[PDB]
Participant: 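Mind having a look at this structure? Questions to follow.
Ligands are counted one by one from 1 in listed order, and the atoms in each one are counted from 1 as well. Nothing fancy with the numbering, it's 1 onward along the sequence.
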Amino acid sequence: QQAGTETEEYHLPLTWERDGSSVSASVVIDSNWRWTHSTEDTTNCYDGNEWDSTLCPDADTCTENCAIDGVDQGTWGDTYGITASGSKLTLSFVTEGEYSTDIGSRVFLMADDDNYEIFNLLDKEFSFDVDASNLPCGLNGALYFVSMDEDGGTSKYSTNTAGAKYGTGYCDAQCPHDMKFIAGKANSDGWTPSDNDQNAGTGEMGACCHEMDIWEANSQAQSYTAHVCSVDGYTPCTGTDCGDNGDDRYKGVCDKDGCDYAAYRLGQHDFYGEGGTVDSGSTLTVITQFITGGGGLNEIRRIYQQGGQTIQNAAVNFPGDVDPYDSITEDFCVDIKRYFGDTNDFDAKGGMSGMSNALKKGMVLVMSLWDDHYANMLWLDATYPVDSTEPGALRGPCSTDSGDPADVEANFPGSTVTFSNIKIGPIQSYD
Ligand SMILES: OC[C@H]1O[C@@H](O[C@H]2[C@H](O)[C@@H](O)[C@H](O)O[C@@H]2CO)[C@H](O)[C@@H](O)[C@@H]1O
Ligand SMILES: [Mg+2]
């Protein structure tokens, strides 16, 4: 995409801490949340959930004729419901703006006006504070890393002149087809609008890359998940390479399931939640350690702090069926997937050393607040598949009727998440 000129681009200031020192950074809105309009005037190229067929009769013409516009100081709060102060960022769920209505948001941490901050998580400890108390069943306040290009794609794709400055270049391990711009081009070929989401559709291309999910959570359940891909960095995909939900799920270049460590699903029901050991009613510190052996990742450990207590990760709790692991390791992913009858796509795609090499090449930080039009977040907080009764089906305390976006959007429009005190530094020792 090229940049439009109707609205100046303002990145929202955010402080964080990098190896013992304060960094005055900022965040940027993902280009999918932006207005896409003619470079000539004000006409929408993307209008509702379909592209304009005059302006966009094929992707190349669409790319030439359309632009993504800026988000100025005022728009962050009143279109997106996003505020920041100091080292705290708050994302909103349903914000009814001027003439339109925004649902959730996704932002990236910037290094400067034109580049994302690049995190090299190997042999480091990454921490932050989150308040997930205002997120009911069916919502997900997520903090995670993805192998985006530092410049959002401008060096490699010459029709992307907007770049990281306009939040371009998102990819993740889902190989999402709902991205309006992929590899610098409008993804308008073969566009199908969503039946379910009036803002969304899917194009022929998907945008794949490695993804390290530090925190996927609402007030009811939480998980952290490593997703490795067999391709290197940001990778546009079509066809079977995308591994689309359904029959192709395991045939693409990325692991959609990931190797997930989700305490509730692993037989620890009161570890996290309302009045749990870690109490979602209140802010908590989430600390993640990327431990290496011979310079390669071999474990991802998790520690929590809340109210001055240090709380070790809860161990797998299937006595005599699975060892009490308490972290992501190769043996955990192998044994748990066997026990849960899950295809080990994580290993098929490179496993722990594939992930390590991904981490070594550097990742972009993402924070997001969303609901789930595909599976109602049931895989995080309920039972999934809904009628399944076998080990690993049970995920959280929520109803299998929870999480329909139409319901949660109407009933909990005020939902919010607050992330604060982002920090990276050497691996510390814990009591
Ligand atoms: O809970 C692990 C789980 O992944 C499920 O797919 C989730 C995925 O992990 C999440 O990242 C994505 O956005 O939503 C999907 C739903 O497709 C998968 O369906 C489960 O069977 C698997 O155990
Ligand atoms: Mg094929």
Participant: Is it the side chain (CB and beyond), the backbone, both or neither of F340 that lies under 4.0 Å from ligand 1, heavy atoms counted?
Facilitator: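 It is neither; nothing of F340 touches ligand 1.
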Participant: Is NZ or CZ of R106 both nearer than 6.0 Å to the six-membered ring centre of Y170 and within 45° of the ring axis?
Facilitator: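 Yes, a cation-pi geometry holds between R106 and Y170.
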Participant: Provide, to 0.1 Å, the distance between atom 9 (O) of ligand 1 and the closest protein heavy atom, together with that atom's residue and name.
Facilitator: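 Of every protein heavy atom, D257 O, 3.4 Å lies nearest to atom 9 (O) of ligand 1.
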Participant: Going by atom types only, do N421 and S87 share a side-chain donor-acceptor pair under 3.5 Å?
Facilitator: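 Yes, side-chain donor-acceptor contact under 3.5 Å.
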Participant: Verify the ring-centre separation between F181 and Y46: is it less than 6.0 angstrom?
Facilitator: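 No: the rings miss the under 6.0 Å criterion.
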Participant: With a 4.0 Å heavy-atom cut-off (strictly under), which part of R249 contacts ligand 1: side chain, backbone, both or neither?
Facilitator: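 Contact part for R249 vs ligand 1: side chain (C-beta onward).
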Participant: What I want to know is whether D372 and ligand 1 share at least one N or O pair that is separated by under 3.5 angstrom.
Facilitator: no
Participant: Within ligand 1, which atoms have a heavy atom of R265 less than 4.0 Å away?
Facilitator: 23 (O)
Participant: Looking just at side-chain N and O atoms, do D102 and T79 make a donor-acceptor pair shorter than 3.5 Å?
Facilitator: no
Participant: Please write down residue, atom name and distance for the protein heavy atom closest to atom 11 (O) of ligand 1.
Facilitator: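 Scanning the protein heavy atoms, the shortest distance from atom 11 (O) of ligand 1 goes to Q174 NE2, 3.7 Å.
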Participant: Measuring from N298:CG to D331:CG, what's the distance to the nearest 0.5 Å?
Facilitator: 10.5 Å
Participant: Could you tell me whether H227 and ligand 1 have an N or O pair separated by under 3.5 Å?
Facilitator: no
Participant: Of the protein's non-hydrogen atoms, which lies at the shortest distance from atom 21 (O) of ligand 1, and what is that distance?
Facilitator: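 The protein heavy atom lying closest is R395 NH2, 3.7 Å.
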Participant: How close does the nearest protein non-hydrogen atom get to atom 13 (O) of ligand 1, and which residue and atom is it?
Facilitator: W370 CH2, 3.8 Å
Participant: Quick check: does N245 get an N/O under 3.5 Å from an N/O on ligand 1?
Facilitator: no
Participant: Are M377 and ligand 1 in contact, using a heavy-atom cut-off of under 4.0 Å?
Facilitator: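 So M377 does not count as touching ligand 1.
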Participant: Which atom pair, heavy atoms only, marks the closest approach of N218 to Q220?
Facilitator: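 Heavy atoms only, the tightest pair is OD1-N, 2.7 Å.
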Participant: Are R302 and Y224 in a cation-pi contact, defined as NZ or CZ under 6.0 Å from the six-membered ring centre and within 45° of the axis?
Facilitator: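 Geometry flag: set, cation within 6.0 Å and 45°.
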Participant: Taking 4.0 angstrom as the limit and counting only heavy atoms of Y384, give me the atoms of ligand 1 inside it, by number and element.
Facilitator: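 With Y384 as reference, the close atoms of ligand 1 come out as 19 (O).
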Participant: When you take the SG atom of each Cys, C254 and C208, is the space between them under 2.5 Å?
Facilitator: no
Participant: As an exercise, identify every atom of ligand 1 less than 4.0 angstrom from a heavy atom of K256.
Facilitator: 8 (C), 9 (O)
Participant: In a check of side chain to side chain contact (heavy atoms under 4.5 Å, CB included) between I214 and each of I287, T225, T288, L365, which one passes?
Facilitator: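 Output: one option passes, namely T288.
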